[PDB]
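Single chain ahead, by itself, as structure tokens, in the form deposited in one PDB entry.
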């Protein structure tokens, strides 16, 4: 008997989560949907031949007792509300990033979840499910390189839109690195600093691209993260961890090699959407399996969402002050360990 899932927000990402739950994964189905654009939701239900109730809003959908879990995939600033509602409604919630657009909004969600007494919230930081990052994790966990000391990483995007603005590099783009890194090395951030190199000809005048973000943890690990969203050549994620006795590095995505016209080459992905498809599948399949096999969620926690939110705020501060900002976290409530 399948997990019955209500989706709040039926845009490009909600539609993709609906397609995988419906045609790829196992153990769940979509029974309810709601969208700010109620017409758009109706089209979705028809597009994917769903057996779903179309509601006017999220309270209606959460009111429906036949639904046991929700996917929060609405406009970013809209997330905090639905998450809060679903928690008090005591449903299982998978929330796409961000958990909330402010550190406060995350704190409210943390405080609420601690009441309900168990893990209901899983945040959509999918990198933790990528086979590469999983391997890095296993290696560190087995002490293969001794104590981590430094981390170098890059998040490169071929080109962004006119809409894309300087702060979005940290709040949208760097946010994945921010979650996965502290998860990898089991350490909390302490300071951040932003350094702007010469502008790139490919960046529009209103955008500061590229950027370099330096982040120290409490234990003293030093991270320097390169963000270049108009790098032109492709979509590219790189991550090298330098330990005491060795170095481990994230793999390139699999590609056939080619010998032709003077070059020995492999492919580089252009579309960000193809880089992590496997991690999304595994991320959602786990949300399901975990509930039906543990009566709770297992992925990135509400607390992690808070950490992301705080560190993000610090980065945006550093962005505009050119200073070394501090990352001040509240104590980790034992509820999350």
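Positions refer to the first chain, counted from 1.
This protein has a second form, the form deposited with a small molecule bound, left out of what is shown; the following refers to that one.
- For the small molecule in the entry with it bound, the listed stretch (173 to 181, 131 to 139, 107 to 115, 193 to 201) containing residues with heavy atoms inside 4.5 Å is 173 to 181.
- Checking 160, 223, 154, 89 for any heavy atom within 4.5 Å of the small molecule in the entry with it bound turns up a single hit: 160.
- Not displayed here, the small molecule is kept clear of residue 189 by more than 4.5 Å at the level of heavy atoms in the entry with it bound.
- The closest heavy atom approach of residue 272 to the small molecule in the entry with it bound falls within 4.5 Å.
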